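One chain is shown next in structure tokens, namely the form deposited without the ligand.
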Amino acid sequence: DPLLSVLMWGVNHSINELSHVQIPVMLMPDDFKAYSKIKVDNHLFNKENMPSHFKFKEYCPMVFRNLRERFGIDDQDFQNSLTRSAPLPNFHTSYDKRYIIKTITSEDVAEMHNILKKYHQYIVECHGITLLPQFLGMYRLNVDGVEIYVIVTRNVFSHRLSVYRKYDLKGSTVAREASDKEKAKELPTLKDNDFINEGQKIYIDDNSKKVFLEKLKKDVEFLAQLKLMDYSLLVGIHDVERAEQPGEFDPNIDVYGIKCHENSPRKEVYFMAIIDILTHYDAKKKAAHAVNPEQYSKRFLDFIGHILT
């Protein structure tokens, strides 16, 4: 909450600063090693929700400025989405449901730095058309003894259309099922065995499915090159009828939406994308001390192919 305040203040500050830089079409190598730090000390000048001593650091501001524009996001809109009203917990969601704010470890920050240039290059090569997470900003927040790192992404789900059923898919030969406890939540994050045993159909037409699967193939191959793994396909289902109790969406805001085909048994819109990619192979082995990257790649792409069948 006070950390949230710093995030809001900092994002507002960061975007206002950039609004003055002239943005070239390209990035230089040093853009990937750059950062912006502010440290505020207010003495007997106490504000409303603002802590009186805080630090705010933005990593690689020019890279993320470049990415946001490649992802179709205007800086002023981004600013408003994160500063007109506080993000809500759920990670956090921007008050307008457009962006996600996740807390990550310094280890994830190191790995994001380590892939940022290859990631950016891949985003350039696919013209921003990918099922990968859209990384929009990365920050460090300090308030009096607490340091956290946040990364901001575009929401996989719609900002308007409610998701009534959500799946987290991995293709792992291991037993992946939601818990009897977890299945008691209101939006259970169901898993591979849920989907498979419960006969979930995804009714998208054949052209939509071929396009999707080809995107997925290039995306997952790219993640495999980076020796990344443990990522999921996130699947949200919006039931048009249950919402009405009309199912159109802006594919330029809800960029992961795919309408169902015309003989779907029920009017449905699907939101599908890869999430949680920053687990490097060796990060998972260290946490396991408290499944190779290609193996994950194959078992994943095979499963999603079977999902859509």
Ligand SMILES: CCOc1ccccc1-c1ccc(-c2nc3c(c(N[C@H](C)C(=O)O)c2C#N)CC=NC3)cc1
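Heads up: residue numbers just count along the shown sequence, starting at 1.
The form solved in complex with the ligand exists for this protein as well; it is not shown, and the discussion that follows is about that form.
Placed here by superposing the C-alphas around the site, the ligand (as posed in the deposited bound form) stays clear of every backbone and C-beta atom by more than 2.4 Å: open pocket. For the candidate spot formed by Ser179, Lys183 and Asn197, no residue has a non-hydrogen atom within 4.5 angstroms of the ligand in the deposited bound form.
In the deposited bound form, the ligand lies within 4.5 Å of some heavy atom of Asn155. Taking the partner from the other structure, the ligand in the deposited bound form has no heavy atom within 4.5 Å of any heavy atom of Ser106. The closest heavy atom approach of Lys166 to the ligand in the deposited bound form falls within 4.5 Å. Contact check for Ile275: a non-hydrogen atom falls within 4.5 Å of the ligand in the deposited bound form. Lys102 is the sole member of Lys117, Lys102, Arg140, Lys215 with a non-hydrogen atom within 4.5 Å of the ligand in the deposited bound form. Distance criterion of 4.5 Å from any heavy atom to the ligand in the deposited bound form singles out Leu234 from the list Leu234, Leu131, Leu228, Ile202. The stretch among 276-284, 53-61, 259-267, 37-45 whose residues place heavy atoms within 4.5 Å of the ligand in the deposited bound form is 276-284.
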